[PDB]
């Protein structure tokens, strides 16, 4: 049905008109989730499950309380809030690609694509979009904001069943979202986590991406610098498992929503600088559950197995020549000093922050928006 929505006017010059989209999880799925949460079994007490500092992962107490709270979690109000933002799909290379957008009425608004990672989603950027739409009407908005679901995530389909799919494929498909919207003349990319790999690939390989801002630069100490990571030794189990046995873990965590909550909840707890509320965790895990995201979402991790000859960020093949900005958040998983980041591209913008961790947009929306705006205004050349 036709639904007028503010900020939803497709930019002049779009070559393909996207299909309007709204989230409508069925009543039967909501009923089922409540049942499956209730009946999920909990592990018995163990020494590891009793460590309140989470040294061995989530605690039994956290999970029991989360299970109890999930019983009274109501998806419908969250879904209504999601549906207050314009959403669309395109069909690209046989994939359905979902995206949230705020479109400006200005002919020459600066197009920006914001790229989530794992175990996130477009939800990470909704607080930022709220700030944007409160400050700007469609008529005063300086930017077009596109927040796509990567292939395999939430309402995006795929990846394909019959061929391998990697970060370069991901970037090619996301670039086509921007091309379809008429942004061949230029857009800015912003990324964290896996989205920072995608954003780097867009900037290095795709003409339409003119500049890139990252809040994550997964790297070791660069070899070109002559003469703290609890993450490589203790925090990388999920990477090895996702990268070597994605089918096993995907099959395992499809069985019960509480299995999925255990695996993903650990990361929302440990990776954030600002504490992420339980409701936010439940919202994201619930969305992953309804859309069967997890098994489809982990294809990127196998690019690290066997270990590449050079890390992606440390490879001249992926050095960013276009204008490159970086924001340093102190509770990022591998915080990278400016001298490190500078070895990986033409770094024209640097901003450090006193607060915030891995989920920068979700934890510190105003800092994230201030940085993004400042970067685009500094580098955009018309």
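Residue numbers count along the first chain shown, from 1.
Unmodelled deposited residues between residue 227 and residue 228: 10 or more, per the record. The question of which stretch, 266-274 or 105-113, has the higher mean Cα B factor is settled in favour of 266-274. If you average the C-alpha B-factors over 20-28 and over 6-14, the higher value belongs to 6-14.
As recorded in the PDB entry, 72 shows the highest C-alpha B-factor of the residues 247, 157, 72, 291. Annotation for 99, 125, 183, 231: 231 ranks highest, by Cα B-factor. In the deposited entry, the Cα temperature factor of residue 256 sits in the middle third of values across the chain's modelled residues.
Ranked against the other modelled residues of its chain, the C-alpha B-factor of residue 350 as given in the entry falls in the middle third. The deposited CA B-factor of residue 93 belongs to the middle third of values across its chain.
Compared with the other modelled residues of the chain, the Cα B-factor recorded for residue 207 ranks in the lowest third. In the PDB entry, a CA B factor belonging to the lowest third of its chain's modelled residues is recorded for residue 170.
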